[PDB]
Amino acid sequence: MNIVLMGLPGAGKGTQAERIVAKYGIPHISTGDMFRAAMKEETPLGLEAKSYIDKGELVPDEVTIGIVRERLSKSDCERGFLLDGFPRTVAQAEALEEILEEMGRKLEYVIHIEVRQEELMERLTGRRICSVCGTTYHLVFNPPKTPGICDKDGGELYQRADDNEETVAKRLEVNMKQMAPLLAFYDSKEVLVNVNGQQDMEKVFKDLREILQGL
């Protein structure tokens, strides 16, 4: 189960990754989550990534390819893996193809989760995360019982630094410009599958399960 989840910022990649990883027991490899964890602890990966992440720009290829190479080399990826938000450039895609061909693997599906830009803007600006447990909420789409507070543990919710409207707009632009060529690269291999991300979370997952259960 060698899978990539691709989509504009906000499309639900992390939401579906958690589902796939829970059901199929394959590692969750999210470059965004890896950068963010590094930035929080101020490691040298974090420091180098931070300026790009704050600006809504893509971290440079070599760095990104590096953390993915290191991650794939671990023994938990022998049965499959879920790459969430990588690749994001055609250079990353070609690098990955090379890494996997040496590992005697190929990508089985690249899943493009499609959502209109107005709802993406709303998803990102309204997302809130628990500072205690990391549970994600949304102001309108899945609100806590008490505003600003986690249902599970009473912890105070926070907003990511890049989820403000200005930086969301830049993120959408930056990622949309990369997208057509990346889609084409995978469509030419005929491994690209498009899923309508405007469905509820379980119905999106059900559409993914209809293909992934074959692996």
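Just count from 1 along the sequence shown to find any residue number.
Engineer: Using only C-alpha atoms and the B-factors in the entry, which stretch averages higher, 68-76 or 128-136?
Structural biologist: Mean B over CA atoms: larger for 68-76.
Engineer: Would you tell me which stretch averages the higher CA B-factor in the PDB entry, 41-49 or 146-154?
Structural biologist: Between 41-49 and 146-154, it is 41-49.
Engineer: Lowest, middle or highest third of the chain for the C-alpha temperature factor of residue 194?
Structural biologist: Its C-alpha B-factor belongs to the highest third of this chain's values.
Engineer: Quick check for you: using the entry's CA B-factors within this chain, is residue 12 in the lowest, middle or highest third?
Structural biologist: Lowest third - that is where residue 12 ends up once the chain's C-alpha B-factors are sorted.
Engineer: Going by the CA temperature factor in the PDB record, which third of the chain does residue 119 belong to: lowest, middle or highest?
Structural biologist: Tercile = lowest for this residue's CA B-factor.
Engineer: Divide the modelled residues of the chain into thirds by Cα B-factor and specify which third, lowest, middle or highest, holds residue 172.
Structural biologist: Lowest third.
Engineer: Should residue 63 be placed in the lowest, middle or highest third of its chain by the C-alpha B factor in the entry?
Structural biologist: Highest third, going by the recorded CA B-factors of the chain.
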